[PDB]
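Each chain, written out:
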Amino acid sequence: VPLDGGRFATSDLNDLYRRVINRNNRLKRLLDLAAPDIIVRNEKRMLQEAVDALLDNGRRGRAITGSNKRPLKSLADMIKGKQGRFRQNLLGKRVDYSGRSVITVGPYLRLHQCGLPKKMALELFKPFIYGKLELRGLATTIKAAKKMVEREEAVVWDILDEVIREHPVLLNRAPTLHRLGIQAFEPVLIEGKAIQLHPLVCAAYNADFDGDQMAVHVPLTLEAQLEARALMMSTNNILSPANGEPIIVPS
Amino acid sequence: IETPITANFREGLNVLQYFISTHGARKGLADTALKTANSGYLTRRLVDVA
Amino acid sequence: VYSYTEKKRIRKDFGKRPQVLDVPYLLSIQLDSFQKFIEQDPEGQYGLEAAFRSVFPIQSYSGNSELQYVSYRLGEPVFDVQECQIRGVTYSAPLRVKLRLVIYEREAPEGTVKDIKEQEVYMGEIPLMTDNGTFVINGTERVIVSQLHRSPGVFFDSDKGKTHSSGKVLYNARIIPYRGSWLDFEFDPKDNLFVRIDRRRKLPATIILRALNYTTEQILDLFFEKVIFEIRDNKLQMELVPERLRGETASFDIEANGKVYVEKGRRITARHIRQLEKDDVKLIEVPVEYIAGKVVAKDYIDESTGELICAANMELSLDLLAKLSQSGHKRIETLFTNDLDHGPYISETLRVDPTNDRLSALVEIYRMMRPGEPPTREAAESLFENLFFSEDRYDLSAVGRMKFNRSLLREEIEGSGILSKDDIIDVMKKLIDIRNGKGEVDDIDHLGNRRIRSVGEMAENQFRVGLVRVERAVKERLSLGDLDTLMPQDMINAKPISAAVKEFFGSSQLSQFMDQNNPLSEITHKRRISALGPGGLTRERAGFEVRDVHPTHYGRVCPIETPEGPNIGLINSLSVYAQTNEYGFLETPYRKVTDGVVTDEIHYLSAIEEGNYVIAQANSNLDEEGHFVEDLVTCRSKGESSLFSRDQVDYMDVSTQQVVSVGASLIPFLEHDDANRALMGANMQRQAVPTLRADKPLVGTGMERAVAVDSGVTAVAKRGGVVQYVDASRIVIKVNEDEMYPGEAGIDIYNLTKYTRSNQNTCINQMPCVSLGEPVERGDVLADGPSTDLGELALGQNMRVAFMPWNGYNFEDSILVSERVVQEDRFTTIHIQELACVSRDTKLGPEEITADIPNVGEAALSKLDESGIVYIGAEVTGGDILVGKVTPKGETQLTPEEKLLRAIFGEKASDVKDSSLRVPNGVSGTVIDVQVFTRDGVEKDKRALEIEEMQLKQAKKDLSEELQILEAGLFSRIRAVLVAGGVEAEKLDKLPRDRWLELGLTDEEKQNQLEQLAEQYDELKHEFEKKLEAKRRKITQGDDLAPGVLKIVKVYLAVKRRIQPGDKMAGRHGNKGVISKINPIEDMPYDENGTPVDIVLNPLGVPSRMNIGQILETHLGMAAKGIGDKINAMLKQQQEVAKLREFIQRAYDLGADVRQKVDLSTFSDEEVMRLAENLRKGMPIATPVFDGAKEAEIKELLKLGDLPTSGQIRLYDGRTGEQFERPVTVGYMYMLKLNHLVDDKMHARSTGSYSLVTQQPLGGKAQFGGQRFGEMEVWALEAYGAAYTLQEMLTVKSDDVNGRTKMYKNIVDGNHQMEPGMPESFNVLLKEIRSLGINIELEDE
Amino acid sequence: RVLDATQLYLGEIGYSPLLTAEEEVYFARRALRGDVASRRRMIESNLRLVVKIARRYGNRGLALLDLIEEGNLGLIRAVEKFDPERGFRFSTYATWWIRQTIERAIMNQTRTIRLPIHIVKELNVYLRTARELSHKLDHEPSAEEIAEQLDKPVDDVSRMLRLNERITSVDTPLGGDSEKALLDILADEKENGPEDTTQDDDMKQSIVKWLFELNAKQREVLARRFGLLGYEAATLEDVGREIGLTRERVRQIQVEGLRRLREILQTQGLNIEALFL
RNA sequence: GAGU
DNA sequence: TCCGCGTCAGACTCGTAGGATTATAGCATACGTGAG
DNA sequence: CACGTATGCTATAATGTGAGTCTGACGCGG
Ligand SMILES: Nc1ccn([C@@H]2O[C@H](COP(=O)(O)OP(=O)(O)OP(=O)(O)O)[C@@H](O)[C@H]2O)c(=O)n1
Ligand SMILES: [Mg+2]
């Protein structure tokens, strides 16, 4: 692919394929030319070296260093490592309708609520706004609905308030050591950029407000909403699954 | 360490007691960075098995 | 005796220990080191001189041609730091080197009388260090960090078990050169000595001695002590050395003369030994059976036959003894090898050694390094000599040779860089001594074995690499070419050297963006030591032992400043007084104690020197101008600490601060803080963003002023004198005659840097400290940098703080702030953000920066001017266009809808897109500045041209005012010289100053002064011309940019960010918090006096944290402000200068045993009211580190303020008006706003762009990224029920391409149904496994 | 434990015969006549020469082995086109061929985006000129400075130096540590966000409803011209193929369809609302 | 380089 | 059973920067496709 | 027919190479 700078950027697999093809074609040539056997042999060694580098580089001894000095990333290297494809792209992923910000106390909240910044929530529930806007006939189409949100018009806030009602949001803190590291709350729209967390659940998250942050995630489907409200809600996860004693307690 | 810190924080440590404190402190901090990994690796081995 | 800037505001000192040595220049290291690299020394191989003499002279392979180095020179820098920073170029000097191509005749033997060609060739530009200690690389300020590595020399180490559950300690020696292969010696479980060259395969140690031409008998004579066996008549005798037996058990009945000393089968004690020695025992009769096992030393042959009866190093028997006797030998030299002390190691290693002679040994060595390749004798001698015995490939360096010689207990420090045969044997000897039990192992973590490499050494090395790459090219071309036509410059290439150095100063790990959040951040970064990067440890390699505090770190490295992270213990801040010895070891100052009396004689001791002396503690009480008060002084030696008598004491700690680094020195009551919390405190001070109003710290230490001055961010006066002209831009000082040189005009101009961008996009602004017409001395602060008060360092703002709960608004470290803080714009911070718009040339054609942009509102284009550039001063908000840019879009095949749409509005606006630079979303600021960089040939924009008009006329004005003030100041002197011996006061002023070339007086020294002033006047006259031509050239000069790029417009936004919930704040005792709520003034707890508290912090975040420093800081802070409130009250009521003077003298001279004396009096009345006006906003106090204020001194100070001794006050709730039920601790904590603003942290995303291969959403707020749903987070949903939430997160939310669009449509349609698919990552996985040649198929139902 | 491909090959070459002058003449005459053994022995004996030049041609593009093999190709052509009748030695002639084939291969294989020898040769002269400029101008060559010296166009010099720009690895993690690879920064550009794709869905759906809101002869002429309902995007003149068969009446009716549709966008709530877009 |  | 080899090495966040590095001969015929 | 790309030939003799090291715990195989 072309970078913006006019330059190109490519996978190392291209360098390894080019190695293999060059040496293979040169071998075809030296066979057409009836070359003496010492030279044919050298080319057959080099061909096996190139294929072995292409499949799994570094296993057959000294890995082939490209441009920096770093060994070229081979096929097996894209599967194998923790970084491969299994651990990185398949057993966990980056996710839409996800946000984060610093957390701060909400002592006024009840146990099942959390302060969610206005601008953050505007963005996370964008399709849900577009949807209600068209059912009220306030927006003629989606692009007009988008421009009404861009302009952050006063009627849009009222619609957004209506969508967030009874809609649960997942709060997550790193690291997620046990299941209570994710909990569902009913959000409360708040002016300001910080997420407000109920004190009593700070225990499960191991949340202390000296700059910790949290991920927000929006359960989209009816099923996901129900699993959040019934199974993952703060109120419903009072006792530790580890021992009988509850985690959500005053301190 | 064979020599304990006789003083407390209200009293204030002296240069020697503070320097001696450092060892324990930094081993604690290095422990959180490095060992977390083996704790976490055990969580992950456990999860894969069950 | 106080300086002018201290007369304005004096800090009260609670320190009691008189400082014999002042804090040195803190950025000493960076400047000295680089200065050594560029420094022209004829002899002292330092930097370039060394580099050239090392490589050169390079002689050809044929040997006819050679290139030799004469000298080098740095051209002056093409662009100043300023132009480099703006343009985005490296600040460097061109390196021009004189080189002489000399040629020999092949016909004559070594006739040098053929061709000598000498010329000055360019080899790269070398980046220059700024006077501050930084490099400007591609227009960015960067700092190169000193390194800590294992010192060249020898090291004796030992696997403590590890290998072989046997649990054998295997001893090893490692010889480390500065350059060359490593030489390892090691033991094996079977006590065989082995050599690893370059840590390759193992070889028997004796083989290396054979390579150095050692016969077997000579080897044994080297390691082993001989024993003499005389065969007299028939009985066997042996020459006894009284001790040798010693701690052995007697195997035979030992009889001496006729009388029995030892009993057979009993252990020989000290009495037997002294009895035998005193009796003078030299022969003892022994059984023949005892020799079975003894090792013969020499070759013994039959003088009759001339054949070898027994070879050297062979185990004797009863029959070999018999054969030896009858041949005619009645003397047998045997080896002494008694286990325990004298082990037969080399004896056994010779038996393992397969080689015989020297050649056989050299072949085996050759075969190890180059296995397969047949030996030749020439090849094996060459290889072995080129390993450790070649001046070119092996160099211990002076430090290597020095540490080597001291480790082997030599007398001589200096010697050869190449290993001698004696060196290697001495090392083997010491190894074996250590195995035996006499001698000890060296410690790797010991600072006596860890050496510091700063910049100049590192620049030197990269520069040597460049030269080596050049040497191959040069030698290659010297041999091939005809010698006579060919000159030296066609052979040299500059690009290799330039590339080596460019890669160091730009790509290197140690070259990093200067941490410019604040002065302390900068100063601490420039004194960093890293064990990482090239030639050092890795995070993988780094254990637990290296990381922890070593005893030798005392006075050299900070124990409490290290990143809390993976780099914990590998990165180290240097201690305050610490410095590098000539060889590069760290050393620390100590006061010599002579005859018990403690002199002011100060000695810097290295890690190794320190171990040897007993050093008293700094807190040790000295008696008034002589010896220690106390009999048993608390001292430390041999790395451990206890009581000593006075006569034993050799030395003492110079300051109480020398243990600690710079950053930790700024923490007031460090003594009362846990070391962990203190570490994070010193770490967060570096993160402190300078506020709009730089506020001094009420509770300081004294390092405040040192740091502000040494950082270089403050303008300091070199010459002093009186200020002629202040301006919010410049300061001109007229110098005093005593420092003012009679050559040049004596007027100093300091230009102040106005509101400039930092690397962290913070604001750098210099404001003038002094007023118009103020007298100043050398080293007075003339202008304050960004986070500095009148000369002192001011990282944040002190505040009225109360420790008490609020309605959970301070739950876990959460902070409750008064609205008054926001109103007073305290912790309001300035961010200058730099945005670039790049006009590139594409395959379709060049991009245009016109205001003429397809499909754009008049609202948007209002703010752009003719060229398409926003106006200076224009306020902008997200989505506003800053620089309009349009890109040629060729082959614009439209969708039918777009054909219709473009037909309806007719706004075809032609085949051009919209790629305009617009304000990033949600950031909002005012445009302060615009810069345009164009190529040379391309026609200038109208706006670019008016910018150059401004710069040209402004340049003309600047230079004109230079020549005018310099001429006025110069003739003002001529006027005074002419009066000397020629009274013409009124008569000289009337005729014009321009016609004063005619004016002289009689031929004396005063006539010569007139000549000096006249030659300078004209010198300045032409100088002004060539300066103006330079400026004009740089202003017209078109800049060479990246290929593809036609022009670049840089916009600077000025953003004012207000403090707000989510913002991170901390103190200096590692006490952090996030602001939870901003409370109305009415609501905040208030005093009996009605004064509301600024910040409400939680009590419960102190006793658990064990940082008690913050509470002492708060009590003292209130006492400081108590006295400020009294002075404020006396200044409001005018009152008497006498009365103010009384109160202020009683105040400064309060403390029980205050070191600092302040005999107020001498202060003139005007100095006193300027001082009180500064002391009014709270009397600033200094609590040194470990010599701080005592509780009793703080309570005494509180009583002087009429504040309570408890430092707790009655508080009233703002809301209810009722009192809180018990007293609350209130006072002033100096607080910091860290760089972590919620404004640049808060991120949200519904749908966005998606990754290239994996199709998952991107990461990071800059790329508008989704939060990563990690394994850990998945497992949580697995534990719950939540299966749909999990699938959602796996599929329609990430990869599933069809699914995500379909479900988006459903959510706008209000269906809330998933309709899942297949994640694109998996399709790829399959393809990647089939690419491996594994068939992986999906099997259907 | 000789495992290395290179050291094995260099062991094999060392094990060869070294040829003299009279020997080269005898084998060379037999070789050109078409001897099997003569060709093989001349090649095998002169492999050492390939390596000596191949060793002094590394760190530029390919690996030592790679250069050694392409260099060997030069040796073969050298043996094929050697003239033993000329008194001048083989080593001299072979050196040319070995250097030629190595250089040619290094100019083609090295660069990921394959650059033609014509441009590469031009590039050579630009760079050599830059070197001589650099030795005297303490600074580095500008594009214009190089163009002045060669008496050539600035634009042509700039195109060439742009082609010099070597490729960045996508798979390489950048942030000093192996943190984030460039791949994961760089988004699929051809690919529109679901927001933009859904906007096109809304437009395309509205059009269908907009085609059954105007006149029957106003949506038939307007749609089939732009290629909205029809199969091919025709022009005002080409709408005559269907049934319209007019030039003026097609243009009046096209614009009449768009004018009534402009009022349909002003009333629904777009027009200037959807003008910015 | 820093964040948890 | 002694010991060389290979396999792991906790989870998420943001910030960067460098494009940098490099050398190669020059010219005539041959092979092949595209444009006017 | 021009333009873009490729295969061709050159003649003093020259004919043998050439980074970074030190992690630590466990589980099989030679
Ligand atoms: N390197 C780190 C640092 C922190 N954390 C997480 O962040 C929490 C808070 O870290 P920190 O603020 O250092 O500790 P606290 O217990 O909050 O103590 P304090 O803030 O008072 O120092 C830890 O419990 C842990 O879950 C982590 O996972 N890895
Ligand atoms: Mg925290």
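Parameters and conventions
- Here every chain is numbered from 1 following its written sequence, which may not line up with the entry's numbers; residues without coordinates are dropped from view.
- Labels follow written order: the first chain is A, the first ligand is 1, and so on.
- Every figure reported here is calculated on the shown chains, themselves a piece of a larger assembly.
- Think of the side-chain values as coming from all heavy atoms in the structure, minus any hydrogens and water.
- UniProt positions are given in the numbering used here, feature names are shortened, and annotations may be inferred rather than shown by experiment.
- Nearness is defined per residue: one heavy atom within 4 Å of the molecule or strand is enough.
- Here a polar contact means two N or O atoms within 3.5 Å. Within protein one must be a hydrogen donor candidate and the other an acceptor candidate, and residues neighboring in sequence count only if both atoms are side-chain atoms.
- Per-residue and other accessible areas follow the Shrake-Rupley method at a 1.4 Å probe size, with only the shown protein chains counted as cover for residues.
- Secondary structure elements are taken from DSSP: a helix is a run of H or I of four residues or more, a strand is a run of E of two residues or more, and numbering for both begins at the N terminus.
- Residues are grouped as follows: nonpolar covers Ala, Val, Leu, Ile, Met, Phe, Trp, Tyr, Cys and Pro; charged covers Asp, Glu, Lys and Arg; every other residue, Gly included, is treated as polar.
- Strand pairing follows a simple DSSP-based rule, namely that at least 2 bridges must link the two strands.

Looking at the entry header, you'll see X-ray crystallography listed as the method and 4.097 Å as the resolution.

Per UniProt, chain D carries the Subunit text "Interacts with the RNA polymerase core enzyme and RssB." According to UniProt, the comment filed for chain D under the heading Sequence similarities is "Belongs to the sigma-70 factor family. RpoS subfamily."

Caption draft 1: How the structure looks around the site of ligand 1. Surveying the vicinity of ligand 1 reveals the residues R173, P175, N206, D208 and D210 of chain A together with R677, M680 and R1105 of chain C. In this structure, ligand 1 is bordered by residues of chains A and C. Between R677 of chain C and ligand 1, the recorded distance is 2.7 Å, taken from a side-chain N or O atom to an oxygen atom. For ligand 1, the accessible surface in isolation is 580 Å², of which the surrounding protein chains cover 53%.

Caption draft 2: Spatial organisation of the protein's contact with DNA strand F. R87 of chain A, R1268 of chain C together with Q100, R111 and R131 of chain D are the nearest of the 48 residues found near DNA strand F. When the atoms of DNA strand F within 4 Å of the protein are sorted by group, sugar and phosphate make up 67%. Taking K502 of chain C, its side chain carries an N or O atom lying 3.4 Å from a phosphate oxygen of DNA strand F. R60 of chain D is positioned such that a nitrogen or oxygen atom in its side chain is 3.3 Å from a sugar or linking oxygen of DNA strand F. Mapped by element, the contributors of at least two residues to the surface near DNA strand F are α1 (15-49) of chain B, α15 (495-507) of chain C together with α6 (90-108) and α7 (117-136) of chain D. By residue number, the principal contributor to the surface near DNA strand F is α7 of chain D, which donates 7 residues. When the residues that make up the surface near DNA strand F are grouped by side-chain class, the tally is 13 nonpolar, 12 polar and 23 charged.

Caption draft 3: Looking closely at the sheet that holds strand β37 (residues 747-751) of chain C. All names here are of chain C. The strand order across the open sheet formed by 4 strands is β37-β36-β35-β41, and the pairing between neighbours is antiparallel. Edge positions in the sheet fall to β37 and β41 (775-776), since each has one partner strand and no second. Alignment of strand β35 (residues 721-727) against strand β36 (residues 730-734), held across 5 bridges, turns out to be antiparallel. Of the residues in β36, the one forming a bridge with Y725 is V732.

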